[PDB]
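Have a look at the structure below before the remarks.
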Amino acid sequence: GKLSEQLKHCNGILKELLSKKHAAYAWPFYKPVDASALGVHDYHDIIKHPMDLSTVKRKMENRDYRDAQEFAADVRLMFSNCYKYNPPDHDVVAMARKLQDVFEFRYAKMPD
Ligand SMILES: COC(=O)[C@H](C)[C@@H]1N=C(c2ccc(Cl)cc2)c2cc(OC)ccc2-n2c(C)nnc21
Ligand SMILES: C[C@H](O)COC[C@H](C)O
Ligand SMILES: [Cl-]
């Protein structure tokens, strides 16, 4: 059925994270990490709970998230996985920080 007001805001955020204006740093987060394709054969030994924006989108459409907090925990898990696997100076980490800045500042504008 209809998303709660808070989940509508979350959906708006998700749409923004997937939009062209953020694509320069958001693109690595669009789909699940393909460890074999990228040659990172230790990725799934290190990252026990993969997450990505396509998965968040599917969960939103399927009404998997019961509240905004559950949604935010998944988006933050996605960034945390990036910070866990990669050295802090790597390009993909800089991209994560930038997308997380976009995310956290709009999430903070959550309606009430
Ligand atoms: C060798 O290290 C890697 O390839 C990372 C595992 C990988 N880097 C990258 C990565 C590496 C360099 C740049 Cl400039 C951007 C992303 C990556 C690439 C993608 O291509 C579709 C998908 C996901 C990632 N990603 C995410 C998210 N978190 N870590 C990565
Ligand atoms: C860069 C840190 O990992 C996340 O910072 C969030 C802040 C709102 O930019
Ligand atoms: Cl959280």
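When we follow my numbering, the leftmost residue of the sequence shown carries the number 1243, and every step to the right adds one.
Positions of the beta carbon are idealized from the N, C-alpha and C atoms, including for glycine.
In this model, residue 1351 and residue 1255 are separated by some 10 Å (Cα to Cα).
If you check the C-beta of residue 1347 against ligand 1, you find no heavy atom less than 7 Å away. At a cut-off of 7 Å, the beta-carbon of residue 1342 counts as near ligand 2: some heavy atom of the ligand is closer than that.
DSSP places residue 1322 in the uninterrupted alpha helix (DSSP H) bounded by 1310-1327. Closest in C-alpha terms to residue 1336, from the list 1281, 1271 and 1306, comes 1271. Bounds of the alpha helix (DSSP H) holding residue 1267 are 1265-1268.
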